[PDB]
Structures are given as structure tokens and as C-alpha cells.
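Residue-level structure breakdown
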Amino acid sequence: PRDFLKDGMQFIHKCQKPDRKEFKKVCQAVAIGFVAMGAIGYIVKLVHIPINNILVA
Amino acid sequence: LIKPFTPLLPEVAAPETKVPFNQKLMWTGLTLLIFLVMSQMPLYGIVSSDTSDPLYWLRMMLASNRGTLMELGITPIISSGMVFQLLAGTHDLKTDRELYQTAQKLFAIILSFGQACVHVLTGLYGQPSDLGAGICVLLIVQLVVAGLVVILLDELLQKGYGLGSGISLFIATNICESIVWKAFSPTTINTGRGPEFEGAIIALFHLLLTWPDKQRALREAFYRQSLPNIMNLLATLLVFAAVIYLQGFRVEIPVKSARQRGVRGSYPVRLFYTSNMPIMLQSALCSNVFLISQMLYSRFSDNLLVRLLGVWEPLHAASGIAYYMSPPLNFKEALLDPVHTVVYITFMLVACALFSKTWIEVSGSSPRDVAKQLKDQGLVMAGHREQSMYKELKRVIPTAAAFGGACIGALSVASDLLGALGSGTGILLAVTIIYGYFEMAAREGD
Amino acid sequence: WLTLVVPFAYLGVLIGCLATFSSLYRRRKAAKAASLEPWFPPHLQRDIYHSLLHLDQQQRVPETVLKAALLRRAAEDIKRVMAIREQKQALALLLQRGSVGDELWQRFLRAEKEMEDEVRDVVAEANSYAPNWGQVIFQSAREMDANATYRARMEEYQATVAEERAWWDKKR
Amino acid sequence: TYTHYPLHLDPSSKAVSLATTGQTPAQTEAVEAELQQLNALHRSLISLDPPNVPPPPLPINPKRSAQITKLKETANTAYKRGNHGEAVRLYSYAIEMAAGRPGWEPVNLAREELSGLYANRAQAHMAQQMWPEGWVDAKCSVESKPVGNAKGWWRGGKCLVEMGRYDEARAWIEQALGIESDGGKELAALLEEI
Amino acid sequence: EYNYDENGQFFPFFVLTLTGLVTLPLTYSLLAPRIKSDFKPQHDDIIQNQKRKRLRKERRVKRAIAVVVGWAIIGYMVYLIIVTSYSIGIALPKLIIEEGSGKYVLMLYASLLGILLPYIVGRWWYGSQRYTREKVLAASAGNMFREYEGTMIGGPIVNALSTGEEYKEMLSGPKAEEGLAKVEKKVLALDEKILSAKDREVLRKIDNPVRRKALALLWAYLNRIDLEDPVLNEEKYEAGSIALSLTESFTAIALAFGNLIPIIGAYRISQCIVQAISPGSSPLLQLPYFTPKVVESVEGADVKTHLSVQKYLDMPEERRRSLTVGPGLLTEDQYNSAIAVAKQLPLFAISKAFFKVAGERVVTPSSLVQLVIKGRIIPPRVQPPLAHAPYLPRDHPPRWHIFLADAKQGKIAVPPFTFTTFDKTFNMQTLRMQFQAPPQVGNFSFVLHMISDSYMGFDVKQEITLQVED
Amino acid sequence: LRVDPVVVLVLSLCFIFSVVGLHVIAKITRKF
């Protein structure tokens, strides 16, 4: 019903929220890692598309 | 009785001393690049690759690829531990642990061989009667050596040269690849009227530059409703930001030691307790039931119970139990059918919450156990005359877990229904794994 | 039967290539790790004793001078092993901080192994000369070395009285 | 393995002598010094006994210590008369007799004997108003055996404070009080005399 | 299953968008106090040029060619663009798959993956392995480790420190024997026996040009001998800066060793190299206008102690008659500046140092104890004024080292705590440090050291008594 | 039986190159 929702909201209000600087730093680091993995994967796939199309014929 | 088989297996040597952090990161990145360049290469025995892909809902979950050297790569790694942990639980010294590890590796390679055999023989790569007598075993060895290479590389990454395990990286790199390729895709899909670009940014640029009206160009670049666009990119970026912000909800409970006086401390209990288990196992259950639906509707084409379980059409599940568990495609299909949407909402929320609440007991981090663990380690509550660890811990943990389950379920639903690029499950499995590895890295060397 | 031989030939080619690369890499690593500059300067007393044996062979030499040279060699060896035992703990504690390279640990391990072999050789050679003459060698070695360094320190501190008297007579 | 150094034994001398060549003056002087020390070792070994091997250092010959303590006793009894020249002469002679003995014998015996003799000679010098020699003898004594000895530190501090150089005396008394009960009271009284 | 574009209307858009997304960013991204002194010494041009040369960074060549080639290819693609029922295509030129360039591009990719990746990986591996934590080559620290002895202080530290590796790269080539005879004769002759006793022997014994030149030059720097050759000063004042980093490394090594005398020795040699005085000479040469003549005229003809800055400044107005007499000793316009720059050196005189456990009355055994030490900077996140020595190229922020050891065994008890700031001509301060108390019961006796680099003659040695009970 | 870490990477590189070699041998023997 609603008792669980009220309990969850109580626990949420009991918690502590992150500030702006720490949030910005962690977001920037996670974005750096994400962009690194994505760029590596994209470059590998784009460089293997024509190699594969030539190889397998 | 398993002694003579021990010295035969190849095994990566132990590290000489503690390895630094830069060398560790280099090793991890290099093995990742090797994994990727290996998964992006075609096999040799391929003759007929135009068929319905069996076990197509397990590719993303097992980080594999069809028609490449990595058709089975990570499957031997998982199954070994997944069967040996249960065998040990059903029923030590290093002389026995070495034999245990050797038996585990031998079972892993045997299951790899068998799985490759049942793949090549069932007819995925064509009828073996017209494929060739020797090309079949050529494909067999070409695949088994790949399985051995991947298991040995995972062993090298796990022995200590790598900062973590290989399973999480392999699962997350494919998601990152398929989520960044969806933006700058070079492939153009000519559907008539003149070809258009698949990637979001490329399509936006091409439309803005070539079409005679910038108004229609932008009205097309936004809200394409048929191919990935930039609005979905903004949606997935917003989901990413929301998850990164929400991950940092931790309740710090004050705790001061009692074995060495004075030293303070903290024991956090995050809102996302059991970070990515109630999504991982839920996606596993969904994939398994979908695979069973497909395999039971293909053979038994006409039956009341099979039609009740799941019906398919060009695939896409419709009019069945498997149709309710399938996520709404976009906002249009979500607006057309209300009952399907609300049933999906309720199922995802309840399943995720209850699954987290039943996994918290098996994981071993239950209050009745972690309270005893901290009481044995020496710590005591640091409150003002409130010396009761078990009461507060058991009043904080259950709500935290049963709310984090529902919250991450609602986040996955919002991502999958708003129209975010890729399945929301992939987005969550990427974000959470990357964040865990980020904190692990920041806790080591800088 | 080319269909049967093609995959086995492929596997054999790959296995042979990997085996030969592993062998060549191991040989290169051994040849590079067995050519590192020695840790401590060359042993002089051992050289003199071996040359004394050479002169004994290529010829009369008494037998007591051999024993004296052996005692002196044991003294040098016991000083060397005392130094290595003092340095072991410091090197092990310092290696983790990263302020020291990695080749130094290999040099230290090689020096320790060579020292073990040399001390075994010298205690055996002593066992050859006199009846049950193994441990008394090294007890005499450590006692001689300690007494010698103490006497040197004492002479060094005693060779200052002249300058001290000159300074006092100057200030007077 | 070993480097062949061309040697040459001399009859009736039993002292090996290196014949000329290791193509470097440094190696030549090094092997010459080592060769002289080997000659000294051979002389000691042939003076040991009709056999040649040194006996283990657990048993101790009592004749050396007996002669040393007799010389120390007669020197102290002569010093108690008032004169100090013959006293310091006998002290130095006993020092030479104790230090000239072989080194394979236990080090602690000679160490303690030199400690006592240096302390007595430092006191004898202090009785002669000779400050530098007394101070250097006290320094030798305190370097021989630091622990369980206080007269050495006391005489060193007195020599310093009497000759000047208050900084070295402060450091001396500081280290003495750090290591360290008549000794503690004497050190406190000498430090208060600053 | 793809149909490449051969007429050239779709690959330009793709390559243009990608190269623009790269080059726009790559082009837009690549488009404390000092003390008061009015005195400049001899050879000011050389030292100032060395100071300006020590730091240098362009960061322009790495990105300029990249941006220009990006913009060139962008212009070419814009030119190619301005020149002009279900199937999928690719926006890549057709010649990349033709039978002519097929084997060529295949071999190109093969050679790339086979060569460049292993080569660049090995390059990074063997490039980021030689530098240790203290910014010194691993060979230098390895060669300096073995020269460590039991109790060496003062003299032999310079010998064990002049066996680095930067001297190989500094004077490589025919630069070794340019002025070896000159510098060696100068140093070995004009220095008396009270500044080097057997160091002359250890300098005459070693036989290799690079190390002997380095040692002679180090002594020439540490004695202010201003050899006439105008080419050798530019390398002497650099050998000093190199010896500073080697001193940091040697302090780290001696701290790794569990001994007490080498610690104080390394700290003293770091105090002396960051200045111009020699280890064993009077600390009165920190003042600006002082030479051996006046420091021999003020502290007496022949003494074994050295009047420090405190006991010298605390005298009445008799230094006026005993130091700046006028005939070649000093001048009023110089003595005034010397005194006026004496009153600004940092001196730390602690007043209370007591142990205390966080949130408890009596110290409990095996408990984390923090020691509070509250002094006051009184001259004879706040930054103190930099080093006063104008006889080294770089500027050194004065650090302070606090540690403590016992006396029964000559070994250090806890590692030191290096800091460089305070909490703000004087006002009260506070300094904290925590460690672990001894496990058993029974009070101990310690002595803390306030030994600090960047100055010689400013040390505090106080005896603390520790308490443990239950 | 233990192997160095670089041996595993060289094995993987040899595998990736051997697959391409097999493809190019097949293309050669088919084109002629």
C-alpha cells in the first residue's frame, strides 16, 4: 500500500545528498571512462568493416 | 584421485611483487583491446549466415557475437564457477585447492568443446552434409583454441595483473560500443526518397545541409520515430546523469571502535544496496523466458498453452504472456496500449524489489550476519548513550534494500520507456560497472 | 585424406610456433638476467687462496699458511654476510615504496644465492683440512673480524692526542 | 672463476711475496697489504701451538687475565702513593699488553679490560692537570663499553667543562643522561655546573 | 551485403562531420611571497639564467600540426561537397575495396597492428619504469643504496651522494676533462684541513672522469670557491641543483633504513646544499654580506664551537665595533642591510608538547594517540616566505620535519610528518600528528626533533615523557 | 608448467594473424 512508500521517503530524507563539486568530479571521471571505451570500440569496428569486407569477399 | 592431471595444465605465473597502478591499467586496457579486436574478426567455415539467429536474446547478456571468433567466448568462464560453487555447497588446504582449480579449468575447457560442438553441429553455419568433412573439425579447433585463449587471458587478468575481473569489463565494453556506434553510425539505410544516415549526429548534419528547408530538416532530425535520433541521445544522457547522481545516496551511521580507543569511522549503506544484482538477474529471467517462448512457438506452432505463453511475428512478441514482459518500443506504442504499459510497470517494480529483498539474504550481508561480523571485528555504535548496533542496523538495511530495488527498477523503466538509446538494462549495467571500477581505482593509487 | 590432415596440420603449425617462441623468449630472458653487474666487489682473499693452491700444484709450500689464508677468507666472508643480512630487511621494506628499481631485488637474490653456495663451499673445504673443523672456522671468523674493527676504531680515536695537545697549548 | 695472481714463496721466511705483474698500482698495494696481513696471521698460527688450527673461543686462558689484573693492581697501588708518572707508564704498558693479544679470543674480555684500563689512565691524567689526553682516554673508554659505565662519562664531562667548549660538554652530558644510582646524581651535578 | 558509395556524395559528409568534431575541440583547447633582500652576489647573470632555464614548456608543437592538417582535410572535404525498395549503403569511398588496393590496405593494417602497438607499448613500459617516486633515475638510487654505511654524518654523505646518474647526461662527451685539473687543484689546495680530512683521500682514490669531476664540482659549489673559468660556473650551479634531488632520494633511503645518525646527517646535508655553507663550518654565513674573513673575526681566532645566528644577534651593540670596524671587514650600508634581513628568518620555538587521545582521559594501550605541538614563529593553509639562498637556481619552499626517537637504542620510533604551512610579526600556531601507541604497559621516554631543512642552526630537541596505563 | 604474461598476448596475436592468413590463403587458392 502506502506504508512502504512512506517508509522509503523517510529513509530518503534521512540520507545525505551529494554536493556539486563531488558530483561534477565523479560525473567527469565516469564520462572519461565511458568515452574512452566507446571511442576504442567505434574505431575498432570502423577499421574492421572494410578489412572484413575485403577478407571474406 | 585427480592428482596426475595437475601439472599438465598451462597456468599464468604469479606476480613477483605488488605491481603498480599504471602497469595494471595498461595490462587491463591491452587485454580489452585484444578482446575487442578478436571479437571483430570473421571465422573461416562460414558458408550460410542468413538464418534466424538462435539464442539471440543472450548476446548482450553474455557479451558475444554471431559469426566471429568470439561466438562463445565468455560462456566457458561463467559455467565453471557457476557449477563448481554449487558442487562445493552440496558436497581448505592448498594441496586440495590446487586440485580444485585444475578440475575447474578442465571442466571449463570440456564444456567449451561440447558447447562449440553443439553449435557447429545443429546447423547454425549450414548443413554439415554440404559443408565438408574436414572444414567442420577445422571450425571446431578454430573455436576451441579461441575458448582456451579467452579463459587463459581471463586467468591472467584475475591472477593479480588486472585491477578487477574480466566478466564485468567484457559485459560493459560491448554496451559502450553499441551505445556510441548508435550515434555516429556510417551505415546509410536507403528506404526510398533518398538514403539517410543511421547515426544521430551524421543524420542531423546531412539533413540540415542537403534538404532544401532547414525547418523540415530540424523537424526531421528531431523525433524520427524510425531510426535513432539526437532526442534519444539527450534522453540517454539524462538517464546517465540521473543514475550517477542517485548512486551517491549513502547513509553514514556513526561508529567508533572499542578495541583501540578513540579511532572513529563510518559504515555506509547506499540507496543502491546490491548495486546491479536486481537488474542482472531480472534481465537473466526475462531472457530465459523469452528464449523458451521462441523455442516452444517454433516447434509447437499451434497449441492453446503455447499461444497463451507467447506469440511472435516479424521478431517481436505480441499477444501473449511474453508480450507483457516485453518493454514498450517507444512513446507511440506506450500511448496506444495503456494496460500493457501499466502491467509492465507493476511487474518490473515488484520483481526488482522482491528479487533484491530475497538476494540480500543469500549474499550474506543480512543484518543478522553483518551485525555479528562488526561485533566480532570490534566496532560499536558511536551514538550518545545509544549502544545498540543490531537494532539500528536491522531498522536501516531492509528499507534501504527494498527501496533500492524498486528505485533502480523505476529508473530502468524510465530509460526504456522514454526512448533512450539501447535497452535500459544495458545502460544500467554500463553505468554501475564503470562507477564501481572508478571507485576501485580511486581507492588504490590516486 | 586432405580433409583430415588440414586441421591437424593447422593445429600443429600453431603449436610449434608457440612452443618455439616460448623457448626463444625464455632463453633470451635467462641470458639477460644472468648478465647483471655483480653486487659486491670481487673477492680478493678467495683469489689469493686459489692462487696459493695453484702454486702448491705447479711445484715446497707448508700447510699452515693455507689454513691462515682460509681463516682470513672466512673472516671476509663473514663480514660480507653480516652486511647482506643487515641490508635484507631495509631492502625488503623499501621495495614497496617504489623509490628503488626492480633489478636491485634480482641482484640481491643472486648475491644471496652465491653467498650461500660460497659459505657451503668454504665450510666443506675446512672440513677437509682438520678433524671436525667446520663451525670453529666461523666462530673464529666473527671474533677476529669484530676484534679487528674494534682495534681499528681504537687506533683511530687514539691518533688525535697530538692535535688535541697542540690546540690546548695554542689556546693557553 | 678465480684470478691467478702470480705468487712466490721464500724459503726460511714462510711469508709469501707477490712477484711483479695486477697491471695497476691500486691492485698491487691492495694485495701487498693483504699479503702482509696473511704473513701476520701465519706468524700468529705458528706461535699458537705445535698444531696449527685455532681452538674454539669458548674456553679462556686465565694466564693473560691474571697478568693483566696483577699489573693493574700494582699500578693502582703505586698511583695511590701520590706519584703519577710511573702510574701512567704502567697503565700504558698494561694497555699495550692487553691490546696485543690475538683476536680470535672473545671480544668482550678485551673490551672490558680496555674499558677499565682507559678509565684508570684517564683518571691518572686528570690527576696531572693534562686535560686533552685525559679527555681522549675517557672518550676511548666510553666508546669501548658505553653501558654500565658512568665514571667515563663523568671524567669526560669534567675534562670538557674544565678546558672550555661548553657545547660539546652539554652534548656529552645530554647523551650520558640519555643512556645513564650514583651515576645519575653525578651527571645531574655536573650538568648543574654549567 | 553493403553497397559502397562510388560517385562520391556521402563519404565526404561523414568524414567532414567526424574530423570537424575532432578538430574544433583540438583547436579551441590549444589556441608564495618572497623575503625582502636588496643584495645580488657575484655571478648574477649565470644564476639568473639558470633559474629562468630550469622551467620550460611549449605545449604547442604537439597540437599545431594536428590542427592544421585537420583544417586542411576539412577544407578539402568542403571543396568535394561543393563540387556537387530497401537497401543499405556505407559512406566510404569505393577504391578502398577495389581489387587493386585490397592487398595493400590489408598489409597496411596487418603491419600496423603487428608493429606499432607492441612497439608503442614497450616504449611506454621501458619509459615509465626508470623514474622512481622521488624523481630520480632507478640506477642512481641503486648505486646510492650500496654506499650506505652504519654511522656516516657530514663528510662521507657528500661522497655517497656524488654517485648519481644525472652527471652522466650533464657532462657527456668531451666535457669531462675540460677543467678537471683546474677545479681539482683549486678545491684540493685552497681548502684547509678542517673542512676535509680524508675526503682528499677518497677523492684521490676513485678513478673515472665523470664521478671525480662531479665530486670536485660539488665541493667547489659547497665552498664558494668561484673558479675563474666562465664556462664551469654554469655547470657548478647546476650540479648543486642535481645534488638537491639526490639528497631527497638519499634521505628517503636512510629513512627506509632503521637508523638515527644518517637521518640527521641527510637533513644537515640538505640544509647545506640548499645554501652555500659547508657541512662543518659556522652557520653565520646565512647572512647576506658575510665572508670567511668576518666569520673568523667575530667568533674568535680559533674555536671549536660556532656562534649561531641567535647568540650572535642577541648580543648588545658591541657587534657594531667588533664586526663593521671599517678596514675591509664590512661597511655601514652593508651591515645595516645584513641586520635588516636577519630579522625575517623563520624560527620555531615550541612551548608545549603533550600527548592526548581523541575522546578519552588517560591514554589506553594500543590506542591511536595524536600529539599536539603548539609553538610560535618568532624571528631572532598559509604559505611561509621561500628560501633565502640566492646560490641555487630553483626556489625552495621551506619545509619542516617532525619525528621522534628514543635513546636506549639508536633507532627511530615513528616516521616523520613533513608539512609546509601554518595557521596565521608573530602569533600562536598549532601542529598535529597521530600514530599508534606501544602495545604493552609501562611509561616510555621520547625526544622529538624539530629538524628543518632550508636553514642551518634552527633546531629544537625536547624530551617528552609518554604515558600508558589501564 | 607456467608461462610469462607476454606469452599469452603473443599467442593471441598469433591466433588473430593466423585466422587472417587462413582467409587470405583461401582467397588465393580460389582466385586461381
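Residues numbered from 1 in each chain as written, not as in the entry; some residues may be left out. Chains lettered and ligands numbered in written order. Heavy atoms only, no water. Residues with missing side-chain atoms left out of burial classes, pairs and counts.

Its PDB header names cryo-EM as the technique used to obtain the model and reports a resolution of 3.7 Å.

1. Examining the overall build of chain A
Condition: Numbering of helices and strands runs from the N terminus; a helix is a DSSP stretch of H or I covering at least four residues, while a strand is a stretch of E covering at least two. Each radius of gyration reported is based on C-alpha atoms, and the globular scaling rule is 2.2 Å times the count of residues to the power 0.38.
Of regular secondary structure, chain A possesses 2 helices and 0 strands. What you see for chain A is a C-alpha radius of gyration of 23 Å, clearly larger than the 10 Å of a compact globule of 57 residues, by over 25%. Along the three orthogonal principal directions, the C-alpha set of chain A runs to about 65 × 35 × 10 Å.

2. As for the sheet that holds strand 7 (residues 431–436) of chain E
Residues and elements named next belong to chain E. Our working rule: Whether two strands pair comes down to DSSP finding at least two bridges between them. Every axis in this analysis is a line fitted to C-alpha atoms, fitted for helices over the stretch in contact. Angles between the N-to-C directions lie between 0 and 180 degrees.
If you trace the 3 strands from one edge of the open sheet to the other, you get 3-4-7, paired in antiparallel fashion. Pairing within the sheet leaves two strands with one partner each, and these edge strands are strand 3 (352–357) and strand 7. The sheet shows a mean angle of 25 degrees between the axes of neighbouring strands, taken without regard to direction. Note that strand 3 and strand 4 (residues 368–374) share 6 bridges and pair antiparallel. Note that in strand 4 the partner of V357 across the bridge is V369.

3. Quick word on the pattern of salt bridges
Residues and elements named next belong to chain B. Rules: For this document, the term salt bridge refers to a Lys or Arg side-chain nitrogen within 4 Å of an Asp or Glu carboxyl oxygen. Only protein chains enter the accessibility calculation, which uses a 1.4 Å probe; a residue is then buried when its area is under 20% of its type maximum, exposed when over 50%, and partly exposed in between.
What the rule picks out here adds up to 21 salt bridges over all chains. For the salt bridge of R395 with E392, the shortest nitrogen-to-oxygen distance reads 3.9 Å. A residue pair is termed a helical-turn pair when its members lie 3 or 4 positions apart in one helix, as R395 and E392 do in helix 17 (residues 389–418) at 3 residues. Using a relative accessible area of 49% as the deciding quantity, one classes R395 as partly exposed. Judged by its relative accessible area of 27%, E392 falls in the partly exposed class.

4. A word on the sheet that holds strand 8 (residues 445–449) of chain E
Residue and element names in this part refer to chain E. If you trace the 4 strands from one edge of the open sheet to the other, you get 6-5-8-9, paired in antiparallel fashion. In this open sheet, the two strands that pair with only one neighbour each are strand 6 (412–419) and strand 9 (461–465). Ignoring which end each strand starts from, the neighbouring axes of this sheet average 20 degrees apart. Relative to strand 8, strand 5 (residues 400–405) runs antiparallel, the two sharing 3 bridges.

5. With respect to the arrangement of the chains
In plain terms, the rule: Contact definition: two residues touch when any of their heavy atoms are within 4.5 Å.
Most contacts, among the 11 pairs of chains that meet, fall between chains C and D. When C-alpha atoms are compared, chain A and chain C, though not in contact, are closest at a spacing of 19 Å. With no contact formed, the shortest span from any C-alpha in chain D to any C-alpha in chain F equals 32 Å.

6. Re the packing of helix 1 (residues 21–39) of chain B against helix 4 (residues 102–127) of chain E
We apply this condition: For classification purposes, an angle smaller than 35 degrees is called roughly parallel, one larger than 145 roughly antiparallel, one from 65 to 115 roughly perpendicular, and anything else oblique. Ten residues, namely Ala, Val, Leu, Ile, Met, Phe, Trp, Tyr, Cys and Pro, are considered nonpolar, four, namely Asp, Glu, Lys and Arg, are considered charged, and the remaining ones, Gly among them, are considered polar.
At a minimum axis separation of 12 Å, helix 1 of chain B and helix 4 of chain E run at an interaxial angle of 170 degrees. Taken together, the axes of helix 1 of chain B and helix 4 of chain E are roughly antiparallel relative to one another. Along the contact surface, helix 1 of chain B presents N22, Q23, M26, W27, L30, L33 and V37 of chain B, while helix 4 of chain E presents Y109, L113, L117, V121, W124 and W125 of chain E. In terms of residue class, the contact of helix 1 of chain B with helix 4 of chain E is built from 11 nonpolar, 2 polar and no charged.

7. Examining the packing of helix 6 (residues 161–171) of chain C against helix 5 (residues 131–144) of chain D
Under the convention used in this document: Two helices crossing with the near one rotated counterclockwise from the far one by less than a right angle form a left-handed crossing, whereas a clockwise rotation gives a right-handed crossing.
Contact geometry for helix 6 of chain C and helix 5 of chain D: axes closest at 8 Å, N-to-C directions at 145 degrees. Seen from above, helix 6 of chain C lies across helix 5 of chain D with right-handed handedness. Contacts between helix 6 of chain C and helix 5 of chain D involve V161, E164, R165 and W168 of chain C from the first element and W131, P132, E133 and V136 of chain D from the second. The class makeup of the residues in the contact of helix 6 of chain C with helix 5 of chain D is 5 nonpolar, no polar and 3 charged.

8. Considering a nonpolar patch on the surface
Residue and element names in this part refer to chain B. This is how it is decided: Only residues whose relative accessible area exceeds 30% and that take part in no salt bridge are eligible for patches, with like-charged residues grouped when within 9 Å of each other and nonpolar side chains (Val, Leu, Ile, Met, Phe, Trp, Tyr) grouped when within 5 Å. We get accessible surface area from the Shrake-Rupley algorithm with a probe of 1.4 Å; when it comes to residues, only the shown protein chains can shield them.
Residues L308, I321, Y324, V339, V342 and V343 make up a contiguous nonpolar surface patch of about 520 Å² in total accessible area. Put simply, the parts of the chain that give the nonpolar patch at least two residues each are helix 13 (321–325) and helix 15 (338–362). Turning to its location among the elements, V342 is positioned in helix 15.

9. Comments concerning helix 1 (residues 2–33) of chain C
Note the following rule: A helix is expected to span 1.5 Å for every residue after the first.
Along its 32 residues, helix 1 of chain C runs 46 Å from first to last C-alpha, staying within 8% of the 46 Å computed at 1.5 Å per residue. Along helix 1 of chain C, the residues classified as buried are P7, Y10, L14 and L18 of chain C. For helix 1 of chain C, the elements touching its buried residues are helix 6 (133–161) of chain B together with helix 1 (5–31) of chain F.

10. Comments concerning the state of the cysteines
Cut-off, in case you're wondering: When two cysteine sulfur atoms are found within 2.5 Å, that pair is recorded as a disulfide.
For the coordinates displayed, the defined rule picks out 0 disulfides over all chains. Summary of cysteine pairing: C286 of chain B is not part of a disulfide, and the nearest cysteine sulfur, belonging to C352 of chain B, is at 13 Å. Lacking any disulfide linkage, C14 of chain F is separated from the closest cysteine sulfur, that of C17 of chain C, by 3.6 Å. We classify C14 of chain F as partly exposed; its relative accessible area is 23%.

11. Some points on the nonpolar core
Counted only if it meets this: Among buried residues, those of type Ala, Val, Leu, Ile, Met, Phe, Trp, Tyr and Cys that are joined through side-chain atoms within 4.5 Å constitute a nonpolar core.
Counting residues in each nonpolar core, the largest one holds 85 residues, and the members touching the most others are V30 of chain A, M41, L69, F170, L246 and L271 of chain B together with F15 of chain F. The residues touching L69 of chain B, leaving out its near neighbours within four places in the chain, are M38, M41, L43, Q142, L143 and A146 of chain B together with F15, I16 and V19 of chain F. Core analysis: the next-biggest nonpolar cluster, separate from the first, contains 80 residues, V183, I225, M456 and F458 of chain E among them.

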